[PDB]
Amino acid sequence: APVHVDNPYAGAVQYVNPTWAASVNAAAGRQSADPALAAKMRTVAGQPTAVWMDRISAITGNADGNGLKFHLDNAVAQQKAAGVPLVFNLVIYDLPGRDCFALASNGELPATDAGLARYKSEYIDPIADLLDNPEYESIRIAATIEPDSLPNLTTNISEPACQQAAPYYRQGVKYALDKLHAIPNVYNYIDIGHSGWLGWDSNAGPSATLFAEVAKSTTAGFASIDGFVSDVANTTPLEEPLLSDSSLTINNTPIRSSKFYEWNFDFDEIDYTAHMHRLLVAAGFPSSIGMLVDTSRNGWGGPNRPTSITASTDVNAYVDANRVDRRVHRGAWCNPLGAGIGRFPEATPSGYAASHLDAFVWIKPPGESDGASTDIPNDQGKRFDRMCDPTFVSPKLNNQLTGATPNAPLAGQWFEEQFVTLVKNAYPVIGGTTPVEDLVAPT
């Protein structure tokens, strides 16, 4: 009933998930021997993260969460206490043939008509039925729409699983957008990958065109999509502070031709969001579209972060000494070693006008694994993806090891060592929070 706004984050607070906060606080308690680190973890626990509907069972509740209604009810209470609008971040993530480029069957719904019928009736419909309840008119929902989906159709269509998934990604995203856009307090942010996947002109361009086709297939057209979100569950840095000029040439050799960048001009997500905003508008979207970056794990801080330019005559040595992204390769999506927490969630961050940023958000919740690092038997029926395997030399990474973090649990499970590293390596640094009872000398 309230009017639908251009940017639901402006002047708003964001939902804080008490279940994830409790997981963070438990991790902090396990750092009793390192009280300064525990204090930083306590600060992290106060930050807003998205709630993932990563399977049908998450709607009513499962071993990983208490159900969607629990969060919506919590969000209305948090909005009342804030006295300003509140955005509840929700991830829509269950397409038939999900994650078609993974060499594994990662999605619970197969890429078949039966899978699509279940996506519509047992996944989207119950979510929309809850979101449309008049009980929730007092909150805003920012729905991140299907990470790791549509751009596979323009970059990874050589994989048969992506060919099979293609009609279901198009029809499933259309259905999600149609059902969710009909709810006036829902704001749809289409996932746009990240610069290490789509920054090349040959990938960015066709992706923007495909997003416009999807928009035009919906009943409301371009109005169905409020904005776009990059870097979800990835680690590509917000900015490369030392490599700020991707056109720099050293002795007639472009630094973008380095092994790490593979001729891509987009070294970071600020540049990528500016690039995609341009292309999306040119493809038919209104200039009012806004962008989000998932800053949950893209900080690349800690002692390994370069602090000044190391001089070199060789483009690879120059890039490798000066990049803050310390991954083996920008395609390393599964628990890459050394990642740190990035900027805290924030409405309308300043200083990046061309990126048209509605907010920085934590879509992936820091501490949750991207996937298991070995083929562990499990009561989720989840399957093993070698991109999470520290032993795997991946063709997707120019024949290099994944650099994945070992001893990783299933996706969504708490990853103890990874969270320690994420907090230690945060950029900006994290300040500590100390409860009042711990300010007195213990007696």
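Only heavy atoms go into these numbers, but all of them, side chains included; no hydrogens, no water, no symmetry mates. All residue numbers in this chain count up from 1 along the given sequence.
In this structure, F384 and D389 have side chains that are in contact, with non-hydrogen atoms separated by less than 4.5 Å. Residues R383 and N106 have side chains not in contact (no heavy-atom distance under 4.5 Å, counting atoms from C-beta outward). Under the 4.5 Å side-chain criterion, counting only non-hydrogen atoms from C-beta, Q14 is in contact with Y9. The closest side-chain heavy-atom distance from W263 to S202 is not below 4.5 Å. Using a 4.5 Å heavy-atom threshold, the side chains of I289 and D226 count as separate. The shortest distance between side-chain heavy atoms of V328 and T402 does not fall below 4.5 Å. Taking the side chain as every heavy atom from C-beta outward, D94 and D54 never approach each other to under 4.5 Å. Annotation: side chain of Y318 is in contact with side chain of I309 (closest heavy-atom distance under 4.5 Å).
In this structure a side-chain-to-backbone donor-acceptor pair under 3.5 Å is missing from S296 to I363. Between the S244 side chain and the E240 main chain, no donor and acceptor come within less than 3.5 Å of each other. Of the possible polar contacts, none joining the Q400 side chain to the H329 backbone as a donor-acceptor pair under 3.5 Å is found. No donor-acceptor distance shorter than 3.5 angstrom exists from the side chain of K424 to the backbone of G301, with no hydrogens or angles considered. Remark: the backbone N or O of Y136 is paired with a side-chain donor or acceptor of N185 at under 3.5 angstrom. In this structure a side-chain-to-backbone donor-acceptor pair under 3.5 Å is present from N188 to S224. In this structure, the side chain of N89 does not engage the main chain of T49 through any donor-acceptor pair within 3.5 Å. Remark: the backbone N or O of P147 is not paired with any side-chain donor or acceptor of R98 at under 3.5 angstrom.
If you look at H181 and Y187, their ring centroids are not closer than 6.0 Å. If you look at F265 and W200, their ring centroids are not closer than 6.0 Å.
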Test side-chain hydrogen bond (donor to acceptor under 3.5 Å, both in side chains) applied to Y175 and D125, step by step:
CA-CA 10 Å; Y175 192 83; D125 284 357; 2.6 Å; yes
Could you give me the CA-CA distance, side-chain angles and deciding distance for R323 and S258, then say whether side-chain hydrogen bond (donor to acceptor under 3.5 Å, both in side chains) is met?
CA-CA 11 Å; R323 60 184 160 97; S258 59; over 6 Å; no
Walk me through it: do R170 and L153 pass the test side-chain contact (heavy atoms from CB on, under 4.5 Å)?
CA-CA 9 Å; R170 286 183 181 264; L153 308 187; 4.3 Å; yes
Evaluate the criterion side-chain hydrogen bond (donor to acceptor under 3.5 Å, both in side chains) for residue pair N152 and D148; output intermediate values, then yes/no.
CA-CA 7 Å; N152 285 289; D148 190 29; 3.2 Å; yes
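Note on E346 versus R343: salt bridge recorded, some NZ/NE/NH1/NH2 to OD/OE distance being below 4.0 Å. Taking a cutoff of 4.0 Å between a charged side-chain nitrogen and a carboxylate oxygen, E262 and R330 do not qualify as a salt bridge. Electrostatic pairing of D370 and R297 counts as a salt bridge here, judged by a charged N lying under 4.0 Å from a carboxylate O.
Considering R256, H194, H275 in turn, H275 is the only one that fulfils the side-chain hydrogen bond (donor to acceptor under 3.5 Å, both in side chains) rule with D266.
Rounded to the nearest 0.5 angstrom, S195 OG and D231 CG are separated by 7.0 Å. One distance of note links CG of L150 with CG of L95; it measures 7.5 Å at 0.5 Å rounding.
A perpendicular orientation is assigned to the rings of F285 and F228, their planes being inclined by more than 60° (bins at 30° and 60°). Note on ring orientation: taking the six-membered ring where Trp is involved, the planes of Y15 and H71 are perpendicular (angle over 60°, cut-offs 30° and 60°). Between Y93 and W52, the two ring planes are perpendicular [angle over 60°; tilted spans 30° to 60°].
With a 6.0 Å cutoff to the six-membered ring centre and a 45° limit on the axis angle, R305 counts as a cation-pi contact of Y427. The cationic group of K396 lies under 6.0 Å from the six-membered ring centre of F101 and within 45° of the ring axis, placing it in a cation-pi geometry.
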